[PDB]
Amino acid sequence: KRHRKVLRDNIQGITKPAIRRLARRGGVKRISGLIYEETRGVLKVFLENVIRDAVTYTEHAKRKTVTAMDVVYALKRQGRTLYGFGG
Amino acid sequence: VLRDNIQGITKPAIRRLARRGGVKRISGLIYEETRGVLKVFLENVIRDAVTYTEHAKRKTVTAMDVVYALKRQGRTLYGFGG
Amino acid sequence: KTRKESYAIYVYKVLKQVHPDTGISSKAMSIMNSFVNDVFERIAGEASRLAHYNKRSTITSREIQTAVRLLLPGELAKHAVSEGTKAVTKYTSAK
Amino acid sequence: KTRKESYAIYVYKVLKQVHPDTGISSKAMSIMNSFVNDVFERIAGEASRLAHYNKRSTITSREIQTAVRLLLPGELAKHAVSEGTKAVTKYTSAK
Amino acid sequence: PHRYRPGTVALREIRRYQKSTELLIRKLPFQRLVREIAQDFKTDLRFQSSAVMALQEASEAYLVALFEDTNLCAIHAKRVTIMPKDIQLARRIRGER
Amino acid sequence: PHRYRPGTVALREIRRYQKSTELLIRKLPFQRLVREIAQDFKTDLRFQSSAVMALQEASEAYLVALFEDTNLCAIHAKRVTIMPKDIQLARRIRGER
Amino acid sequence: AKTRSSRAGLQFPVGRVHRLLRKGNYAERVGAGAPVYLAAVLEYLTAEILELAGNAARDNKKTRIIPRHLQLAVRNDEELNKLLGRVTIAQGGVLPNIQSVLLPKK
Amino acid sequence: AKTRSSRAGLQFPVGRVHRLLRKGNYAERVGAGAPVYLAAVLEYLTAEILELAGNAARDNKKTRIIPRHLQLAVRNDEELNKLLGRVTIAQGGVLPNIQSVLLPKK
DNA sequence: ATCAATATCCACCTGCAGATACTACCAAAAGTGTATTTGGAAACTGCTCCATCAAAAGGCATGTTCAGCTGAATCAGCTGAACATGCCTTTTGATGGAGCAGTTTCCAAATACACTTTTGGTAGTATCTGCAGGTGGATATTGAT
DNA sequence: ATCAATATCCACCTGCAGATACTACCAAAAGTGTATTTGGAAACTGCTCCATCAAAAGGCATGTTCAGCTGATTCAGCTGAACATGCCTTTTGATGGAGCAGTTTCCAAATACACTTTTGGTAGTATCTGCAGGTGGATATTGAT
Ligand SMILES: [Mg+2]
């Protein structure tokens, strides 16, 4: 392999309109301007927690590839069971 | 002087609980709401404990019956075995 | 070319019985398959624990029955309990 | 009459290594015993799942280690891991 | 004639009860309630003494923690007085409703 | 020139998004965030595409349900506008603290 | 040779379930009634959800059950909702629900 | 004969832990080092809690650890608190904590 | 109420992705049938420890009074919704290639007895002591003036 | 501000509930030796599907505008905190008996094991159909006036 792009600040790919849509689905009518950064922070913590466990399952299996099943077991561990992906 | 059993959970007792919970001021309607909440709590837990009792063919609810009931309700208790 | 089992065909049979003119998408089938596996694991688990708590090395329809009562809410438990009792009773008389 | 096993003696030994002049009430000892039982079950439970997920028939210290990483918070995990590895080394290099 | 202001004793009580660990419901009435509730699931039951204790400890821990959440809910609404809606909100968010 | 009043398009969007089930975050941006976070735990990882989709369904369902709790905390405060304090209260009561 | 399923009058596979109880490390021994009772509970539960989901599909002028239909079925039923209270159905969305104070005028 | 605990440098009983793993229906087989590792982990966490609970006894002018002391140790420690975040220690009470807004105005 | 901008609602309409259809095969299920082991129910019973109650303890029901909190009303300020506008970024389809996973060989490690030794739990008995209450005396806090 | 009521702190005292130390005991692990089973790493290799890329499709960013929401301010009136004590409920302890738990027993049902049938999954090729997304064209809904 020759070169691989640096990943930084991808949290901002979670845009104001994307977050507003999620709030709409959750029944929110009016959104303070500070909600967007708070939400990004909250989502980061959520992902860190799930990805950490998921990746732990990956390494235990001695794989380089994080599977749908690694994620599904990570979610089950955290009491956020997901149906729809083999789990 | 007949009194309902739930009413045995008295205002001062509920007041003390609130206090340990750091509550300074308490509305008059809280005492009845609390009794309701306690009753639902005990129903859920006792239901499961008794279910453990019946399974073992006993007529006595044991500390373990209760401790296992608590564990499966996600309210693990330490101090009474297991 | 390893074989992957699912409850799909049995979910489909039961679907035809209840709604003969209704289909199911593969994604909905995948969710149905996850639901069956999930409930399976939850009942087996309680039955496992229950057996251990009473110093028993055998999981019998009795353990499954208590597990069902512990696991399912009110009316679903009541009906599941009849369905499983009925199936065992029938099964006993059928050999 | 029947034997009631407990971690009481081993917990009391560790207490003396850590605070030789401090004692422990019965109730506190009973809590400590529950704690040890609870953590055991959590860790063995996870190790069980790990082995099963990976189509293995054996729970090895690798599964115990991964279980610990999945269950304990950061610093707690780190030490438990090194305590565990340390104990498995000492045990190997012992005639 | 000496009188303490509203909230002075309340604070004094918070301090007192946060210091100690004794159960704060009287044992007997609690025991009756437990028995009454159990009677609807099975009749002619007996209770180990420690069984009732375990229930009391669990029920008091639960209620004490719910009052903390309830209090946060009252303060969120810029009050210092707990109301049933505060307990209701805390339970709904806990996923008990 | 025509204008809807503040709040009217907002309710329209609520009906629209409560009606449908598609993911609301753009795929690639989400995929990059996943890879960024994972890379910080462990370098040279690959992802099955369904693994990314799984995380997306889980994260979007988590955020939708958090926003409902948050909305309830706002309304408790007699507001219609969600603020960081509402999210924080929801998370505290949920035991995410 | 009659399957244990037909013997118990079941669509769900008793044999499969007996096997899964063994490989699953739940106990030393599995009683013969256990997989029979379990397979019926499982069949009952799936009948209950397909009934309700089938209805949501019909209510939506649709012939094929999709994940949205399963979610409407589960969330609209008090008992299925509680049984699956900590479960997420991918591509299910939410129930339409707007809080009162949010509606216009008075 | 020299015990496995003494071999591993541990107060916690390897033999017992090994036995409990076997009869716990965790897997068909249990590797030799697994009980060693597990016993070490359990001993370690025990020491961690007894360390901090001992200290709480000291701070409160006492030599006997009671449940109150185990409670103070666990909830004043961010990590032990998280591990035990869904556990109730009987006769532990709560941390002294009053919301600032409830304090009298100076 | 009336007028008009724009969202919304069907109804019908073509392509097609995804679903249902078969024919052929097959490895592994699942069943069948018989020999071999045993878990646990069933029955009797000893002694905890539980429900009951009599005498002692001591918490709480009670109504009065008013501090101070809650919620209504009013309003200035400014934040956040709507929408126009300009255009970047994602979505979608297509294609070499890493690693997952399928199969098979092969030994280090774990199960399975049995036999030999010890340790941990109970129990009987007696022995020790940390600290919860109680006292007594100084000092801080709170509330009144 | 001072002043007095009463809560709170701390030093010292002490009885006994609850901790600990000890011996003799026996069932039951836990450990040691030897015979046997097998699980899983490694080594090779078919092949899925993941990373990556070029074109095509639509959502995002940004600035302006002002509607109406939030949060501050004030205020009256309601509602909960504080208060004192004998009634009456709970606590404490003393005593018969229910049932839990420990013991032996014996057979219905469990595991094991081996040829024998059945089937659920796939895989390769084929034809089928429900509905998404496009359209145009009639019926609300919203907000200015
Ligand atoms: Mg990085």
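Note on naming: letters A, B, ... go to the chains in the order of the sequence lines (proteins, then strands), and numbering restarts at 1 for each one. What's counted below: heavy atoms across the whole structure, side chains too, no hydrogens, waters or symmetry copies.
J:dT79 and I:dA67 make up a base pair, with Watson-Crick or G-U wobble contacts both under 3.5 Å. If you check I:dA138 for Watson-Crick or wobble pairing at under 3.5 angstrom, you find it paired to J:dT8. Pair assignment for I:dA109: J:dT37, on the basis of Watson-Crick or G-U wobble contacts that are both within less than 3.5 Å.
The side chain of C:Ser25 contributes no N or O atom lying less than 4.0 Å from OP1 or OP2 of I:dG18. Side-chain N/O atoms of G:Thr3 include none lying less than 4.0 angstrom from OP1 or OP2 on I:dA30. Side-chain nitrogen and oxygen atoms of G:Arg22 include none within less than 4.0 Å of the OP1 or OP2 phosphate oxygen of I:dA29. Between I:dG39 and C:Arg56, no contact under 4.0 Å exists linking OP1 or OP2 to a side-chain N or O. Contact annotation: B:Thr60 reaches the phosphate of J:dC100 (side-chain N/O to OP1 or OP2, under 4.0 Å). For B:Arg15 and J:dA81, the shortest distance from a side-chain N or O to OP1 or OP2 is below 4.0 Å. In terms of phosphate contacts, G:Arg16 brings no side-chain nitrogen or oxygen within less than 4.0 Å of OP1 or OP2 of I:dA29. The side chain of F:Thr81 contributes no N or O atom lying less than 4.0 Å from OP1 or OP2 of I:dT79. At least one side-chain nitrogen or oxygen of D:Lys1 sits closer than 4.0 Å to the OP1 or OP2 atom of J:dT103. For the pair H:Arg64 and J:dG18, the criterion of a side-chain N or O lying under 4.0 Å from OP1 or OP2 is not met. Put simply, E:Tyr4 has no side-chain N or O that comes within less than 4.0 Å of OP1 or OP2 on I:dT141. In this model, the phosphate group of I:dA81 is not approached by any side-chain N or O of F:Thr8 to a distance below 4.0 Å at OP1 or OP2. In terms of phosphate contacts, E:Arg3 brings no side-chain nitrogen or oxygen within less than 4.0 Å of OP1 or OP2 of I:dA144.
Map D:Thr2 and F:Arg46 each onto its nearest nucleotide of DNA chain J; the residue landing nearer the 5' end is F:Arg46.
What separates NE2 of F:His2 from P of I:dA5 is a distance of 9 Å, to the nearest Å.
B:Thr62 comes within 4.0 angstrom of nothing in the nucleic acid, heavy atoms only.
Side-chain atoms of E:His76 and F:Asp86 form a donor-acceptor pair, as typed in the model, at a separation below 3.5 Å.
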